[PDB]
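Each chain, letter by letter, is given below.
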Amino acid sequence: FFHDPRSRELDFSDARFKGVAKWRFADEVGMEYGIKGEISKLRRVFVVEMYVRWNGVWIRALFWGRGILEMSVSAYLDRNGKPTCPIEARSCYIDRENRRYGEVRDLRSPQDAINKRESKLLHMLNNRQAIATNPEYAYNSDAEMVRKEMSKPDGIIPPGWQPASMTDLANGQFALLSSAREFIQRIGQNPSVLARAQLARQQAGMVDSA
Amino acid sequence: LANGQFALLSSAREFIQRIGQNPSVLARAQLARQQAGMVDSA
Amino acid sequence: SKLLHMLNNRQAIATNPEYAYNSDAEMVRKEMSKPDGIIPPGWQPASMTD
Amino acid sequence: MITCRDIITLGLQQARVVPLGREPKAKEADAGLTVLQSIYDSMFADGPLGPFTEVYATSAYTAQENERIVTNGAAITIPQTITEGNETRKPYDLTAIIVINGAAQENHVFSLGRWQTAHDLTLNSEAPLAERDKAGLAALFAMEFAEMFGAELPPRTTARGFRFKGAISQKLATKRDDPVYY
Amino acid sequence: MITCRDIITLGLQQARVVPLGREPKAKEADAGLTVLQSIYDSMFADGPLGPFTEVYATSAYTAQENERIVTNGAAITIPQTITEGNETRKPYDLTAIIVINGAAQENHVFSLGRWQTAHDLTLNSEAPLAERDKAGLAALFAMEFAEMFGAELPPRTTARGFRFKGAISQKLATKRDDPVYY
Amino acid sequence: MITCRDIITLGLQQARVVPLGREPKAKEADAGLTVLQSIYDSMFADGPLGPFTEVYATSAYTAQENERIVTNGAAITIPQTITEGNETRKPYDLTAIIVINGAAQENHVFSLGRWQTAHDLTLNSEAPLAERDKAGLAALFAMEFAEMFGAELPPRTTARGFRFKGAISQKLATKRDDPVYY
């Protein structure tokens, strides 16, 4: 679908032109409008319809990358008698500068905070960072080889290294994921999927999706 | 860091029952499934 | 966003100014805040989990 | 211009092995050069001058901050000014640049408006980053250099040198932003 | 006008190495200058004189508070009065200004109604911020300068010098606002 | 080119057994070679030069990082550049390569843009990875080599050598990535 900018309204009343802008097969275009081929099989072209208000009338035109194919006054009338467009459409929400977002423009910021606050905890509850304590018995084996021996349960650890794990500030993460598993259920997952007996959904659930 | 793993498996045994195992296998009396269970599988 | 910033970072204080003051300062406290880290001696991970 | 031999003269009469007003001899002030070279060379390798970034370009590359250049034949120019979107600033305080050809290392460090040189440090050339303090750099030198002689440094001036090592291991001079209340 | 050599004379007879009433000699009062220069120069670099702000302007710029000027050819004028919306005040107590040309640093500090100078500090020029106390600045000097000689400072007057270093590391003289009950 | 005998000369006058300016004799500077060989050979076997990977190929194989080659008759070439999808980089800092024929081990190590050799280390050949510091490698040598004589190293310079052993046991010089907030 293909409309103009500078159309503030979500019913497309203020629009000047609207069209369909498709991809077709080159067989089923040239052998439909008399254009000769390659101007192989399954070659794709880019024909595009267009309903432009050119003066008081509505011109219908359809063209491609070179030349037009047909162009005439639109055949369909309206309730006033004058020729108009048949294309009709509607958007969900509008912004100050002309954006057309939907419903899942929201539920992205509260949904990247469930996927990310889950992979942080899985990374933090398997790894034990290793600090050096005695710089004579330590500084002897290695550094990066030793902390991979602390994080797996079948390991041998040399002397002088201390397994200081980050099993703190994880109860601050569980209480911060569970604040975003609950908002994602309260702004989005209202449409009669929450489980009262036809009162907390007949007047309380269907008025937020009105 | 095993009580941090039990609290992270039990967060995935509960989501797997809430997105998938809705189709009238959860156990109200023909209200939490006649208008609440069969509208997610619509 | 204050809590998300405060529950991933552990500010590092200097304790022993001979084994510390040797590696770096700003490189060390980025090794405390990530779980796959190596920490030199002389630095103490005082976090703000209060 | 604080020369290299002013530190070794100040370092030796710091640990009270040469008297006040007399200068070191030839064998004393030529063993101190090899150990004062060693402390400056162990600061760019892996020490308080910050981590470095690997790069390998055989072209007319110009160096960035904290970047260890290991090119073989090239023209590596240390920048004087940096334009980050017409924010024409000088480089940060104490950020180093290494350029390594086949066998010759040339380190660099920018301390107070000037690129110090800090390689092949002879007995006449100026010492890098000794403009910040002169009697603090001669106490970190003479802390372990005095152990070949009998003496050792007193504790009121030993902890002076451990302040100078920590004044360049933190880079806390440049003002930074306040807490935010986000 | 408290000269530089009054501190070194007071500093040496503080640590009871020269007697009362006699003056230091030539070699004694010329090694103390290089170490009294070093403590004043290690206070503007990174020390209790506060953090500094980077700037690079090649114009007729006038300096602000706590701003390290690293211009190359310019006319940098230290301000005397500051008009913050006809609040024509003097600058705050102990706030510094650095101006750095090609190779010459000139620090500045405003202590009690006057910009002290604190660079290239010779044996005749006045010492910066010694009007606040004279026998406290000669105990911070002679605390570590006495270690080249045999003696050391007694503990009743050592802790006098650690009060003077903390009296300028806090800037707690200027009155500030009360708690608020918000 | 820092030779092997410069370390043994610096190591012996570090522990103050030979005086300043005089060189070791023949029997002293030939027992120190067998023990300086032993510390370099106990770093590739099982020590701070990282774990190694077994391989057995009898072909024209070219070596990778950290790979102990135990071929019998072959042409094993140590790589100079590595192309990981046109990321034509040099190898990492301090990563070793071992090649073992029938009875001759030849270790290798890449420290600052050059493959050091570190085998059959004679009295004229250069010491591996002594460009990083010279007076730190002579304190790890002379820490236990001085025990055959009467003396021992002082504690201000003993802890210098335990920094050099930890500066190559961590490989913390190369900059790595920040925390992520995943």
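Below: a short report on this structure.

Before going further, it helps to examine the overall build of chain C. Looking only at helices and strands, chain C features two helices and three strands. Of the regular secondary structure in chain C, the N- to C-terminal order runs α-β-α-β-β. Projected onto the principal axes, the alpha-carbon positions of chain C cover approximately 35 × 20 × 15 Å. Within chain C, the fraction of its 50 residues that count as buried is 48%. Excluding contacts between residues fewer than 6 apart, the proportion of contacts in chain C whose partners are at least 24 apart in sequence is 45%. Put simply, chain C shows about 2300 Å² of open surface, and 53% of that area lies on carbon and sulfur atoms. Of the side chains in chain C, 5 bear a positive and 6 a negative charge, and the two mean positions are spaced by 7 Å.

This brings us to the overall build of chain D. Per the secondary structure count, chain D includes four helices and seven strands. With the C-alpha coordinates aligned to their principal axes, the bounding extent of chain D is approximately 55 × 50 × 25 Å. Put simply, 51% of the contacts in chain D that link residues at least 6 apart link residues at least 24 apart. For chain D, the computed accessible surface area is about 8400 Å², with 52% contributed by carbon and sulfur atoms. Treating the 18 positive side-chain charges of chain D as one cloud and the 22 negative ones as another, the clouds have centres 7 Å apart.

Opposite the 28 residues of chain D that make contact, chain F presents 26 residues. Overall, the association of chain D and chain F removes approximately 2600 Å² of surface from exposure, summing both partners, and the carbon and sulfur fraction of that is 56%. Three residues stand out in chain D for area buried against chain F, namely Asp 46, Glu 147 and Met 148 of chain D, and they jointly supply 24% of the buried area on that side. On the surface where chain D and chain F come into contact, there are one salt bridge. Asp 46 of chain D is the partner of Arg 132 of chain F in a salt bridge, and the nearest nitrogen-oxygen pair spans 3.3 Å.

This brings us to the nonpolar core. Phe 141 of chain D, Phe 141 of chain E together with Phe 141 of chain F are the most contacted members of the largest nonpolar core, which has 120 residues in total. Excluding anything up to four places from it in sequence, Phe 141 of chain D contacts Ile 7, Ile 8, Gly 11, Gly 32, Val 35 and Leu 36 of chain D. With nine residues, the next largest nonpolar core counts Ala 138, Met 150 and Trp 161 of chain A together with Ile 38 of chain C among its residues.

We now examine the side chain of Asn 8 of chain C. Within the element layout of this structure, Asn 8 of chain C appears in the loop between α1 (2–6) and β1 (12–14). Judged by its relative accessible area of 4%, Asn 8 of chain C falls in the buried class. Those residues in contact with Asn 8 of chain C, other than ones at most four positions away along the chain, are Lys 120 and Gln 173 of chain A, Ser 33 of chain C together with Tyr 181 of chain F.

Residues and elements named next belong to chain E. Overall, mixed pairing links the five strands, which are arranged β1-β2-β5-β6-β7 in an open sheet. Among the strands making up the open sheet, the edge pair consists of β1 (53–55) and β7 (115–116). The sheet contact formed by β1 and strand β2 (residues 67–69) spans three bridges and is parallel. Bridging from a neighbouring strand, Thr 53 pairs with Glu 67 of β2.

Right, let's talk about the interface of chain F and chain C for a bit. In this complex, chain F contributes ten residues to the contact, which on the side of chain C involves 13 residues. Three residues, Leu 172, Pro 179 and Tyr 181 of chain F, lead the burial of chain F against chain C; their summed loss comes to 50% of the area buried on that side. For the pair chain F and chain C, the number of links is one salt bridge. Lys 30 of chain C is the partner of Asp 178 of chain F in a salt bridge, and the nearest nitrogen-oxygen pair spans 2.8 Å. Scanning the region where chain F abuts chain C turns up four residue pairs in polar contact. Partitioned by chemical class, the residues of the side of chain F that touches chain C number four nonpolar, one polar and five charged.

Once that is clear, we can look at the sheet that holds strand β1 (residues 53–55) of chain D. The strand order across the open sheet built from five strands is β1-β2-β5-β6-β7 (chain D), with neighbouring strands paired in mixed fashion. Lying at the two open borders of the sheet, with one neighbouring strand each, are β1 and β7 (115–116) of chain D.

Before going further, it helps to spend a moment on the layout of surface pockets. Size it by volume and the second largest pocket reaches roughly 890 Å³. In this structure, the second largest pocket is lined by 36 residues; those nearest its centre are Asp 41, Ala 103 and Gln 105 of chain D together with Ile 2 and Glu 131 of chain F. Elements with a contribution of two residues or more to the lining of the second largest pocket: α2 (28–44), β5 (96–100) and β6 (105–110) of chain D. When residues of the lining of the second largest pocket are assigned to their parent elements, the largest contribution, six residues, is made by α2 of chain D. Residues belonging to the lining of the second largest pocket are distributed by class as follows: 15 nonpolar, twelve polar and nine charged.

Bringing the pairing of strand β7 (residues 68–73) of chain A into the picture now. Residues and elements named next belong to chain A. As paired strands, strand β6 (residues 58–63) and β7 are joined by five bridges and run antiparallel to one another. In the strand pairing of β7, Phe 63 is matched with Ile 68. Connecting β6 to the next strand, β7, in antiparallel fashion are four residues, including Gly 67 with a positive phi near 75°.

Turning to the packing of helix α2 (residues 28–44) of chain E against helix α3 (residues 137–145) of chain E, a few remarks are in order. Residues and elements named next belong to chain E. Orientation of α2 relative to α3, taken along the N-to-C sense of each, is 110°, at an axis distance of 11 Å. Taken together, the axes of α2 and α3 are roughly perpendicular relative to one another. Counted together, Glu 28, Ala 31, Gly 32, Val 35, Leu 36, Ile 39 and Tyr 40 of α2 and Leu 137, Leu 140, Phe 141, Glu 144 and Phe 145 of α3 form the full contact between these two elements. Residue classes in the contact of α2 with α3 are distributed as nine nonpolar, one polar and two charged.

On to the environment of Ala 36 of chain B. Note on placement: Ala 36 of chain B falls in the segment after α2 (12–15). Looking at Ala 36 of chain B, the relative accessible area reads 10%, which means it is buried. Residues contacting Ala 36 of chain B, with those up to four places away along its chain left out, are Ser 192, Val 193 and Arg 201 of chain A together with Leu 31 of chain B.

Okay, a nonpolar patch on the surface next. On the surface, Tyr 33, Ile 35 and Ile 39 of chain A cluster together into a nonpolar patch covering about 270 Å² of accessible area. The residue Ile 35 of chain A is located in the loop between α1 (27–33) and β4 (44–45) in this model.

Sorting the seven pairs of chains in contact by contact count puts chains D and F at the top. For the non-touching pair chain C and chain E, the nearest C-alpha separation works out to 15 Å. Chain B shows no contact with chain F. Their nearest C-alpha atoms sit 16 Å apart.

Thresholds applied
- Residues numbered from 1 in each chain as written, not as in the entry; some residues may be left out.
- Chains lettered and ligands numbered in written order.
- Part of a larger assembly, values for the part shown.
- Heavy atoms only, no water.
- Helix = DSSP H or I, 4+ residues; strand = E, 2+ residues; numbered from the N terminus.
- Buried < 20%, exposed > 50% of the residue type's maximum accessible area, 1.4 Å probe, protein only.
- Contact = heavy atoms within 4.5 Å.
- Areas by Shrake-Rupley, 256 points an atom, 1.4 Å probe, with all protein chains shown as cover.
- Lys, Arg positive; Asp, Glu negative; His and termini not counted.
- Charge placed at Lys NZ, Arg CZ, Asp CG, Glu CD.
- Buried area = accessible area lost by both parts, 1.4 Å probe.
- Salt bridge = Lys/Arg side-chain N within 4 Å of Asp/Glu carboxyl O.
- Core = buried A, V, L, I, M, F, W, Y, C linked by side-chain atoms within 4.5 Å.
- Pairing = 2+ DSSP bridges.
- Polar contact = N/O pair within 3.5 Å; in protein donor to acceptor, adjacent residues only side chain to side chain.
- Nonpolar A, V, L, I, M, F, W, Y, C, P; charged D, E, K, R; others polar.
- 1 Å grid on protein atoms, 1.4 Å probe; cavity = no way out; pocket = protein on both sides within 12 Å on 5 of 7 lines; lining within 4 Å.
- Points joined across faces, edges and corners; volume = space filled by probe spheres on them.
- Axes fitted to C-alpha atoms, helices over the stretch in contact; angles between N-to-C directions.
- Parallel < 35°, antiparallel > 145°, perpendicular 65-115°, else oblique.
- Patch = residues over 30% accessible without salt bridge, like charges linked within 9 Å, V, L, I, M, F, W, Y side chains within 5 Å.

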